[PDB]
Amino acid sequence: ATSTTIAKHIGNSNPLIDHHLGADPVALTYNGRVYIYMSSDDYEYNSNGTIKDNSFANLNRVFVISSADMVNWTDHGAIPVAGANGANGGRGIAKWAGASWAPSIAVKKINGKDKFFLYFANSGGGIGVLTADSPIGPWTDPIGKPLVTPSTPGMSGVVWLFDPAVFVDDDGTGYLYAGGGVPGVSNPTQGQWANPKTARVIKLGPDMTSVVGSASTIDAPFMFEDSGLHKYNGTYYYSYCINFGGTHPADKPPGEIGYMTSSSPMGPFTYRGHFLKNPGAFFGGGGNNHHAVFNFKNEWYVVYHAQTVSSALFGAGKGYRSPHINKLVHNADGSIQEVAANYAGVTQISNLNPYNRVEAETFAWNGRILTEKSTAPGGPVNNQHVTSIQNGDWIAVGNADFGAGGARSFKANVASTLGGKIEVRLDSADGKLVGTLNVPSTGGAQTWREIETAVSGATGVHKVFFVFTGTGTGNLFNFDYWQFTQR
Ligand SMILES: OCC1O[C@@H](O)[C@H](O)[C@@H](O)[C@@H]1O[C@@H]1O[C@H](CO)[C@@H](O[C@@H]2O[C@H](CO)[C@H](O[C@@H]3O[C@H](CO)[C@@H](O)[C@H](O)[C@H]3O)[C@H](O)[C@H]2O)[C@H](O)[C@H]1O
Ligand SMILES: [Ca+2]
Ligand code: NA
Ligand code: NA
């Protein structure tokens, strides 16, 4: 049914979202929210409409979601990064780039103001950067040529010049890690598998949109891709995905996330071991492994991908990937424990306040809707709405705190051709009905009205379900934001 959750099931926190896909995740922690930026995985089909394996043909945008609590995620839509080959309908930002794989994100205070930098790979040929004054844009290409190419000093022996990771150190110096691939083309020797020497680190200029000096090689044993950097107790941890070829020793298992430490961001690094098995080990099958380690609201986590949504829909992952987050633990000696990747994920860290404007596209669970960029007046940058709403569809938030006094009323911004209803229920999709909002015909799908209705019996902490009903097909209404009022 639908009606039913695809993969992220009520009470579980992984995958983070399941109303569309998101590969190669990276995290930015910024002023009480974590933002996750992702390659734009999107199904490819044979001409007869049957699913086929991901060939990365759709990897020309960056999807962005954010959360204050690890359970409810705001969908910020897509950044149209790639602008070459007519990509993104002429509205792509980096006109030189045909692709925008594997984003990295950084924030640095420049001239007294926080500036944001989004890095990406134009497939395996070069890394670019876009800039913005907020974590969600709007975005500018201040170069627009690649930032790093094989002609950048120190980058010549890189096989795949991709998968950037950008770190801003405590002294404000930025560093870019990148590269991967295995030399030897169709058939690497054992020694080429064991020491590809294709990983690189280069210092960035103060502006974060230039490099200084030359790149240094990081000799990551069995390097493949997926550079990562985090800093824990004054030590720099370079992490990466271990390759799949050649014989491997016990301590460098194929397709797992390995890590190295150094007292300096540019090395020398020493291999320490491995902390994330292949997603296939946990969720069945196998595929590429991509990750980022981050500290959010004082806890260490890893964001990574797995084929958990595509598998649920098609009965095979086919290379189509979804974001997951689990806790990461450093030991007293500075080594990292194996991450227990799972569906349960991270328990909600803070309650949601239902008395502020909350985007309709801020939800923890759904069955089964879509989000798209919204014609509603006002709203946040790249404001989205919930759409593809049919009778019996629903969305839900985790742990909204109505307080002891509870809610007086409920408001929703909606656009509808024929009208419908939003039932507000506590705890479950068939739970206590605290109100029902009648969505009128507004004049059309792009004509917006804020509607208010009474609620009663909404006190304390509950999951909240918004259950959609109406007659006729197809889309009952679009749904932009909501807000409760306090008793
Ligand atoms: O090989 C065994 C194996 O074990 C199985 O149980 C698992 O299911 C598999 O995951 C695993 O196979 C490996 O799977 C990973 C995940 O996709 C592959 O890595 C990708 O390699 C290809 C290259 O063929 C990709 O696409 C290439 O990217 C370059 C970047 O420059 C680009 O030029 C071009 O479009 C492609 O050639 C990705 O880059 C990798 O993630 C292993 O190849 C595969 O053996
Ligand atoms: Ca909205
Ligand atoms: Na990455
Ligand atoms: Na639907």
# chains A, B, ... in the order shown; residues from 1 in each chain; ligands from 1
call {"tool": "select_by_dssp", "arguments": {"residues": "stretch 255-302 of chain A", "states": "strand (DSSP E or B)", "output": "number ranges by chain"}}
result
A: 257-262, 270-276, 291-296, 299-302
call {"tool": "residues_near_ligand", "arguments": {"ligand": "ligand 1", "cutoff": "7 Å", "atoms": "only C-alpha atoms and all ligand atoms", "output": "ChimeraX atom specification"}}
result
/A:123-125,160-162,244-245,285-288,319
call {"tool": "residues_near_ligand", "arguments": {"ligand": "ligand 2", "cutoff": "12 Å", "atoms": "only C-alpha atoms and all ligand atoms", "output": "ChimeraX atom specification"}}
result
/A:74-77,357-363,371-387,412-415,448,478-483
call {"tool": "residues_around", "arguments": {"residues": "residue A:334", "least_positions_apart": "6", "cutoff": "10 Å", "atoms": "only C-alpha atoms", "output": "JSON, numbers by chain"}}
result
{"A": [232, 233, 235, 237, 261, 272]}
call {"tool": "residues_near_ligand", "arguments": {"ligand": "ligand 4", "cutoff": "9 Å", "atoms": "only C-alpha atoms and all ligand atoms", "output": "VMD selection string"}}
result
chain A and resid 2 to 3 367 to 370 387 to 394 474 to 475
call {"tool": "write_last_selection", "arguments": {"atoms": "N, CA and C atoms", "output": "tab-separated table (two decimals), in the first residue's frame"}}
result
chain	number	residue	atom	x	y	z
A	2	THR	N	0.25	2.43	0.27
A	2	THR	CA	0.93	3.72	0.09
A	2	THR	C	0.17	5.03	0.52
A	3	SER	N	-0.04	5.32	1.80
A	3	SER	CA	-0.20	4.39	2.93
A	3	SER	C	1.00	3.74	3.65
A	367	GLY	N	4.30	8.26	3.95
A	367	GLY	CA	3.83	7.19	3.09
A	367	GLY	C	2.68	7.69	2.26
A	368	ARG	N	2.84	7.89	0.96
A	368	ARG	CA	4.11	8.03	0.25
A	368	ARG	C	3.93	9.29	-0.60
A	369	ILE	N	4.77	10.29	-0.37
A	369	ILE	CA	4.62	11.57	-1.06
A	369	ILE	C	5.94	11.97	-1.73
A	370	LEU	N	5.93	13.10	-2.42
A	370	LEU	CA	7.14	13.67	-3.02
A	370	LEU	C	7.30	15.10	-2.51
A	387	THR	N	3.99	17.31	-2.29
A	387	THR	CA	3.09	17.08	-3.42
A	387	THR	C	2.97	15.56	-3.67
A	388	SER	N	2.32	15.19	-4.77
A	388	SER	CA	1.96	13.80	-5.03
A	388	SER	C	1.14	13.21	-3.87
A	389	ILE	N	0.17	14.00	-3.41
A	389	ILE	CA	-0.68	13.63	-2.30
A	389	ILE	C	-1.95	13.00	-2.88
A	390	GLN	N	-2.17	11.73	-2.55
A	390	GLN	CA	-3.40	11.03	-2.86
A	390	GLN	C	-4.07	10.58	-1.56
A	391	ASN	N	-5.33	10.16	-1.66
A	391	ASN	CA	-6.13	9.77	-0.50
A	391	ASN	C	-5.44	8.67	0.32
A	392	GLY	N	-5.30	8.88	1.62
A	392	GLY	CA	-4.61	7.90	2.49
A	392	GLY	C	-3.10	8.04	2.63
A	393	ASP	N	-2.50	8.95	1.85
A	393	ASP	CA	-1.10	9.36	2.05
A	393	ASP	C	-0.98	10.13	3.37
A	394	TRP	N	0.24	10.24	3.90
A	394	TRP	CA	0.44	10.92	5.18
A	394	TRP	C	1.92	11.30	5.31
A	474	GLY	N	-5.67	13.46	-9.63
A	474	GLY	CA	-4.51	12.85	-9.00
A	474	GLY	C	-4.09	13.52	-7.72
A	475	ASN	N	-3.43	14.67	-7.84
A	475	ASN	CA	-2.87	15.34	-6.68
A	475	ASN	C	-3.96	16.13	-5.95
call {"tool": "residues_around", "arguments": {"residues": "residue A:293", "least_positions_apart": "6", "cutoff": "9 Å", "atoms": "only C-alpha atoms", "output": "JSON, numbers by chain"}}
result
{"A": [26, 27, 228, 229, 230, 239, 300, 301, 302, 303, 304, 328]}
call {"tool": "write_last_selection", "arguments": {"atoms": "N, CA, C and O atoms", "output": "compact mmCIF listing (two decimals), in the first residue's frame"}}
result
# COMPACT_ATOMS: atom_id res chain seq x y z
N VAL A 26 27.65 14.19 2.61
CA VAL A 26 28.63 14.91 3.43
C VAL A 26 27.81 15.75 4.41
O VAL A 26 26.66 16.09 4.12
N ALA A 27 28.42 16.10 5.54
CA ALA A 27 27.74 16.89 6.57
C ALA A 27 28.39 18.24 6.87
O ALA A 27 29.62 18.35 6.92
N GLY A 228 37.96 11.42 3.37
CA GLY A 228 37.27 12.10 4.47
C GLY A 228 38.31 12.63 5.45
O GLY A 228 39.40 12.06 5.57
N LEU A 229 37.97 13.72 6.15
CA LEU A 229 38.86 14.22 7.20
C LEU A 229 38.05 14.66 8.40
O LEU A 229 37.06 15.41 8.27
N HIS A 230 38.42 14.17 9.58
CA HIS A 230 37.92 14.77 10.81
C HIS A 230 39.04 14.95 11.83
O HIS A 230 40.11 14.36 11.69
N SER A 239 40.23 9.46 6.41
CA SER A 239 39.51 8.21 6.14
C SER A 239 39.21 8.06 4.66
O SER A 239 39.25 9.04 3.91
N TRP A 300 29.72 12.39 18.16
CA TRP A 300 30.34 11.93 16.93
C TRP A 300 29.43 10.96 16.18
O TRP A 300 28.87 10.03 16.76
N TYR A 301 29.31 11.19 14.87
CA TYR A 301 28.51 10.36 13.95
C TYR A 301 29.26 10.11 12.67
O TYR A 301 30.23 10.81 12.34
N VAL A 302 28.75 9.15 11.90
CA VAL A 302 29.16 9.00 10.52
C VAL A 302 27.89 8.98 9.66
O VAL A 302 26.93 8.27 9.99
N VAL A 303 27.88 9.80 8.62
CA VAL A 303 26.89 9.67 7.55
C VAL A 303 27.49 8.85 6.41
O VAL A 303 28.66 8.99 6.08
N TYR A 304 26.66 7.99 5.80
CA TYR A 304 27.14 7.03 4.80
C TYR A 304 25.94 6.70 3.92
O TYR A 304 24.82 7.16 4.18
N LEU A 328 29.41 7.19 16.00
CA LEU A 328 30.80 6.73 15.85
C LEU A 328 31.49 6.97 17.18
O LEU A 328 31.29 8.02 17.81
call {"tool": "closest_residue", "arguments": {"among": "A:157, A:209, A:204, A:99", "to": "residue A:184", "atoms": "only C-alpha atoms"}}
result
A:157
call {"tool": "residues_around", "arguments": {"residues": "stretch 308-311 of chain A", "least_positions_apart": "3", "cutoff": "8 Å", "atoms": "only C-alpha atoms", "output": "MDAnalysis selection string"}}
result
chainID A and resid 6:7 15 18 21 283 314:318 320:322
call {"tool": "closest_atom_pairs", "arguments": {"of": "chain A", "to": "ligand 3", "cutoff": "7 Å", "atoms": "only C-alpha atoms and all ligand atoms", "output": "tab-separated table"}}
result
residue	atom	partner	partner_atom_place_in_ligand_line	distance
A:24	CA	ligand 3	1 (Na)	5.6
A:25	CA	ligand 3	1 (Na)	6.1
A:26	CA	ligand 3	1 (Na)	5.5
A:102	CA	ligand 3	1 (Na)	5.0
A:103	CA	ligand 3	1 (Na)	5.8
A:104	CA	ligand 3	1 (Na)	5.7
A:163	CA	ligand 3	1 (Na)	5.4
A:164	CA	ligand 3	1 (Na)	6.0
A:165	CA	ligand 3	1 (Na)	5.8
A:226	CA	ligand 3	1 (Na)	5.5
A:227	CA	ligand 3	1 (Na)	6.3
A:228	CA	ligand 3	1 (Na)	6.5
A:290	CA	ligand 3	1 (Na)	6.3
A:291	CA	ligand 3	1 (Na)	6.1
A:292	CA	ligand 3	1 (Na)	6.3
call {"tool": "write_last_selection", "arguments": {"atoms": "C-alpha atoms", "output": "PDB file, in the first residue's frame"}}
result
ATOM      1  CA  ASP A  24      27.727  10.294  -1.415  1.00  0.00           C
ATOM      2  CA  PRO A  25      26.610  12.227   1.679  1.00  0.00           C
ATOM      3  CA  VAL A  26      28.627  14.912   3.433  1.00  0.00           C
ATOM      4  CA  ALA A 102      30.245  13.663  -4.281  1.00  0.00           C
ATOM      5  CA  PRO A 103      29.904  17.125  -2.698  1.00  0.00           C
ATOM      6  CA  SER A 104      31.973  18.497   0.166  1.00  0.00           C
ATOM      7  CA  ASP A 163      35.535  12.724  -4.214  1.00  0.00           C
ATOM      8  CA  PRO A 164      36.689  15.994  -2.618  1.00  0.00           C
ATOM      9  CA  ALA A 165      36.748  16.493   1.152  1.00  0.00           C
ATOM     10  CA  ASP A 226      35.837   8.605  -0.681  1.00  0.00           C
ATOM     11  CA  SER A 227      38.388  10.866   1.066  1.00  0.00           C
ATOM     12  CA  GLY A 228      37.273  12.100   4.475  1.00  0.00           C
ATOM     13  CA  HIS A 290      30.927   6.687   0.864  1.00  0.00           C
ATOM     14  CA  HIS A 291      30.976   8.465   4.181  1.00  0.00           C
ATOM     15  CA  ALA A 292      31.792  11.537   6.325  1.00  0.00           C
TER      16      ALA A 292
END
call {"tool": "closest_residue", "arguments": {"among": "A:121, A:136, A:105, A:212", "to": "residue A:153", "atoms": "only C-alpha atoms"}}
result
A:212
call {"tool": "closest_residue", "arguments": {"among": "A:116, A:296, A:236, A:56", "to": "residue A:269", "atoms": "only C-alpha atoms"}}
result
A:236
call {"tool": "residues_around", "arguments": {"residues": "stretch 423-433 of chain A", "least_positions_apart": "5", "cutoff": "8 Å", "atoms": "only C-alpha atoms", "output": "list in words"}}
result
residues 394, 458, 462, 463, 464, 465, 466, 467, 468 and 469 of chain A
call {"tool": "write_last_selection", "arguments": {"atoms": "N, CA and C atoms", "output": "PDB file, in the first residue's frame"}}
result
ATOM      1  N   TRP A 394       0.238  10.239   3.899  1.00  0.00           N
ATOM      2  CA  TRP A 394       0.441  10.917   5.181  1.00  0.00           C
ATOM      3  C   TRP A 394       1.920  11.304   5.310  1.00  0.00           C
ATOM      4  N   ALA A 458      -4.216  18.162  22.269  1.00  0.00           N
ATOM      5  CA  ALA A 458      -2.805  18.071  21.886  1.00  0.00           C
ATOM      6  C   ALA A 458      -1.909  18.710  22.939  1.00  0.00           C
ATOM      7  N   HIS A 462       4.500  14.063  21.408  1.00  0.00           N
ATOM      8  CA  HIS A 462       3.922  13.030  20.537  1.00  0.00           C
ATOM      9  C   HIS A 462       4.521  13.072  19.157  1.00  0.00           C
ATOM     10  N   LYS A 463       4.572  11.925  18.481  1.00  0.00           N
ATOM     11  CA  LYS A 463       4.727  11.949  17.019  1.00  0.00           C
ATOM     12  C   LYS A 463       3.439  12.566  16.516  1.00  0.00           C
ATOM     13  N   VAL A 464       3.483  13.280  15.396  1.00  0.00           N
ATOM     14  CA  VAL A 464       2.261  13.873  14.853  1.00  0.00           C
ATOM     15  C   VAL A 464       2.127  13.439  13.423  1.00  0.00           C
ATOM     16  N   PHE A 465       0.948  12.927  13.084  1.00  0.00           N
ATOM     17  CA  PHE A 465       0.662  12.486  11.722  1.00  0.00           C
ATOM     18  C   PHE A 465      -0.298  13.428  11.047  1.00  0.00           C
ATOM     19  N   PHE A 466       0.043  13.817   9.823  1.00  0.00           N
ATOM     20  CA  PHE A 466      -0.846  14.597   8.981  1.00  0.00           C
ATOM     21  C   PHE A 466      -1.329  13.658   7.888  1.00  0.00           C
ATOM     22  N   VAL A 467      -2.607  13.275   7.959  1.00  0.00           N
ATOM     23  CA  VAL A 467      -3.176  12.252   7.068  1.00  0.00           C
ATOM     24  C   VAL A 467      -4.085  12.909   6.037  1.00  0.00           C
ATOM     25  N   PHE A 468      -3.841  12.613   4.764  1.00  0.00           N
ATOM     26  CA  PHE A 468      -4.468  13.348   3.683  1.00  0.00           C
ATOM     27  C   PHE A 468      -5.604  12.555   3.073  1.00  0.00           C
ATOM     28  N   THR A 469      -6.746  13.214   2.899  1.00  0.00           N
ATOM     29  CA  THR A 469      -7.925  12.562   2.334  1.00  0.00           C
ATOM     30  C   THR A 469      -8.642  13.451   1.307  1.00  0.00           C
TER      31      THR A 469
END
call {"tool": "closest_residue", "arguments": {"among": "A:28, A:87, A:70, A:64", "to": "residue A:347", "atoms": "only C-alpha atoms"}}
result
A:70
call {"tool": "residues_around", "arguments": {"residues": "residue A:353", "least_positions_apart": "5", "cutoff": "10 Å", "atoms": "only C-alpha atoms", "output": "list in words"}}
result
residues 358, 399, 400, 401, 402, 403, 461, 483 and 484 of chain A
call {"tool": "select_by_dssp", "arguments": {"residues": "stretch 29-116 of chain A", "states": "helix (DSSP H, G or I)", "output": "list in words"}}
result
residues 87, 88, 89 and 90 of chain A
call {"tool": "write_last_selection", "arguments": {"atoms": "N, CA, C and O atoms", "output": "mmCIF file, in the first residue's frame"}}
result
data_model
loop_
_atom_site.group_PDB
_atom_site.id
_atom_site.type_symbol
_atom_site.label_atom_id
_atom_site.label_comp_id
_atom_site.auth_asym_id
_atom_site.auth_seq_id
_atom_site.Cartn_x
_atom_site.Cartn_y
_atom_site.Cartn_z
ATOM 1 N N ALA A 87 22.469 20.778 -19.215
ATOM 2 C CA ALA A 87 22.079 20.203 -17.920
ATOM 3 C C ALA A 87 21.278 21.188 -17.090
ATOM 4 O O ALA A 87 21.577 22.383 -17.065
ATOM 5 N N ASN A 88 20.252 20.678 -16.415
ATOM 6 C CA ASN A 88 19.420 21.491 -15.541
ATOM 7 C C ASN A 88 18.639 22.574 -16.275
ATOM 8 O O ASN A 88 18.324 23.618 -15.717
ATOM 9 N N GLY A 89 18.337 22.291 -17.539
ATOM 10 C CA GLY A 89 17.448 23.123 -18.356
ATOM 11 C C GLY A 89 17.930 24.540 -18.562
ATOM 12 O O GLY A 89 17.120 25.465 -18.621
ATOM 13 N N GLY A 90 19.245 24.713 -18.655
ATOM 14 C CA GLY A 90 19.842 26.029 -18.834
ATOM 15 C C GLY A 90 20.003 26.823 -17.551
ATOM 16 O O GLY A 90 20.465 27.959 -17.584
#
call {"tool": "closest_residue", "arguments": {"among": "A:295, A:217, A:486, A:210", "to": "residue A:330", "atoms": "only C-alpha atoms"}}
result
A:295
call {"tool": "closest_residue", "arguments": {"among": "A:445, A:109, A:97, A:186", "to": "residue A:418", "atoms": "only C-alpha atoms"}}
result
A:445
call {"tool": "decode", "arguments": {"residues": "stretch 418-441 of chain A", "atoms": "N, CA and C atoms", "output": "PDB file, in the first residue's frame"}}
result
ATOM      1  N   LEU A 418      -9.314  20.995  -6.283  1.00  0.00           N
ATOM      2  CA  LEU A 418     -10.615  20.433  -5.900  1.00  0.00           C
ATOM      3  C   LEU A 418     -10.845  20.337  -4.396  1.00  0.00           C
ATOM      4  N   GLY A 419      -9.785  20.466  -3.599  1.00  0.00           N
ATOM      5  CA  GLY A 419      -9.931  20.417  -2.146  1.00  0.00           C
ATOM      6  C   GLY A 419      -9.730  19.031  -1.555  1.00  0.00           C
ATOM      7  N   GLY A 420      -9.748  18.956  -0.234  1.00  0.00           N
ATOM      8  CA  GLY A 420      -9.517  17.704   0.480  1.00  0.00           C
ATOM      9  C   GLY A 420      -9.464  17.994   1.959  1.00  0.00           C
ATOM     10  N   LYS A 421      -8.854  17.100   2.738  1.00  0.00           N
ATOM     11  CA  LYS A 421      -8.725  17.304   4.174  1.00  0.00           C
ATOM     12  C   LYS A 421      -7.342  16.913   4.697  1.00  0.00           C
ATOM     13  N   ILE A 422      -6.907  17.586   5.758  1.00  0.00           N
ATOM     14  CA  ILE A 422      -5.747  17.139   6.528  1.00  0.00           C
ATOM     15  C   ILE A 422      -6.192  16.795   7.942  1.00  0.00           C
ATOM     16  N   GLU A 423      -6.126  15.511   8.272  1.00  0.00           N
ATOM     17  CA  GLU A 423      -6.391  15.039   9.633  1.00  0.00           C
ATOM     18  C   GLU A 423      -5.113  15.122  10.437  1.00  0.00           C
ATOM     19  N   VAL A 424      -5.212  15.660  11.650  1.00  0.00           N
ATOM     20  CA  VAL A 424      -4.073  15.760  12.541  1.00  0.00           C
ATOM     21  C   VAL A 424      -4.251  14.727  13.657  1.00  0.00           C
ATOM     22  N   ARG A 425      -3.344  13.749  13.709  1.00  0.00           N
ATOM     23  CA  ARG A 425      -3.466  12.605  14.628  1.00  0.00           C
ATOM     24  C   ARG A 425      -2.190  12.449  15.424  1.00  0.00           C
ATOM     25  N   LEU A 426      -2.325  12.035  16.680  1.00  0.00           N
ATOM     26  CA  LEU A 426      -1.174  11.817  17.535  1.00  0.00           C
ATOM     27  C   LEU A 426      -0.763  10.363  17.504  1.00  0.00           C
ATOM     28  N   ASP A 427       0.549  10.144  17.614  1.00  0.00           N
ATOM     29  CA  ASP A 427       1.182   8.837  17.882  1.00  0.00           C
ATOM     30  C   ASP A 427       1.228   7.846  16.746  1.00  0.00           C
ATOM     31  N   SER A 428       0.182   7.808  15.923  1.00  0.00           N
ATOM     32  CA  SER A 428       0.107   6.875  14.791  1.00  0.00           C
ATOM     33  C   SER A 428      -0.816   7.416  13.705  1.00  0.00           C
ATOM     34  N   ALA A 429      -0.717   6.856  12.493  1.00  0.00           N
ATOM     35  CA  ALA A 429      -1.535   7.315  11.374  1.00  0.00           C
ATOM     36  C   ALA A 429      -3.027   7.058  11.594  1.00  0.00           C
ATOM     37  N   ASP A 430      -3.362   6.191  12.548  1.00  0.00           N
ATOM     38  CA  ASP A 430      -4.758   6.006  12.958  1.00  0.00           C
ATOM     39  C   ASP A 430      -4.958   6.413  14.417  1.00  0.00           C
ATOM     40  N   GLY A 431      -4.109   7.325  14.897  1.00  0.00           N
ATOM     41  CA  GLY A 431      -4.086   7.685  16.313  1.00  0.00           C
ATOM     42  C   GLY A 431      -5.113   8.744  16.664  1.00  0.00           C
ATOM     43  N   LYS A 432      -5.029   9.272  17.883  1.00  0.00           N
ATOM     44  CA  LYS A 432      -5.999  10.249  18.382  1.00  0.00           C
ATOM     45  C   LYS A 432      -6.165  11.438  17.440  1.00  0.00           C
ATOM     46  N   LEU A 433      -7.387  11.651  16.956  1.00  0.00           N
ATOM     47  CA  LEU A 433      -7.667  12.754  16.047  1.00  0.00           C
ATOM     48  C   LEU A 433      -7.847  14.052  16.832  1.00  0.00           C
ATOM     49  N   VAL A 434      -6.893  14.978  16.715  1.00  0.00           N
ATOM     50  CA  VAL A 434      -6.980  16.244  17.473  1.00  0.00           C
ATOM     51  C   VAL A 434      -7.558  17.403  16.645  1.00  0.00           C
ATOM     52  N   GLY A 435      -7.684  17.190  15.342  1.00  0.00           N
ATOM     53  CA  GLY A 435      -8.272  18.196  14.472  1.00  0.00           C
ATOM     54  C   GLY A 435      -8.309  17.741  13.046  1.00  0.00           C
ATOM     55  N   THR A 436      -9.211  18.326  12.273  1.00  0.00           N
ATOM     56  CA  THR A 436      -9.171  18.132  10.827  1.00  0.00           C
ATOM     57  C   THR A 436      -9.362  19.432  10.078  1.00  0.00           C
ATOM     58  N   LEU A 437      -8.428  19.683   9.177  1.00  0.00           N
ATOM     59  CA  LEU A 437      -8.396  20.915   8.416  1.00  0.00           C
ATOM     60  C   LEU A 437      -9.024  20.655   7.062  1.00  0.00           C
ATOM     61  N   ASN A 438     -10.064  21.418   6.736  1.00  0.00           N
ATOM     62  CA  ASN A 438     -10.672  21.308   5.416  1.00  0.00           C
ATOM     63  C   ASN A 438      -9.920  22.188   4.430  1.00  0.00           C
ATOM     64  N   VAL A 439      -9.316  21.557   3.426  1.00  0.00           N
ATOM     65  CA  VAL A 439      -8.599  22.262   2.380  1.00  0.00           C
ATOM     66  C   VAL A 439      -9.637  22.621   1.306  1.00  0.00           C
ATOM     67  N   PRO A 440      -9.883  23.924   1.088  1.00  0.00           N
ATOM     68  CA  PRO A 440     -10.843  24.323   0.057  1.00  0.00           C
ATOM     69  C   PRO A 440     -10.195  24.263  -1.315  1.00  0.00           C
ATOM     70  N   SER A 441     -11.005  24.386  -2.358  1.00  0.00           N
ATOM     71  CA  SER A 441     -10.480  24.694  -3.670  1.00  0.00           C
ATOM     72  C   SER A 441      -9.967  26.126  -3.581  1.00  0.00           C
TER      73      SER A 441
END
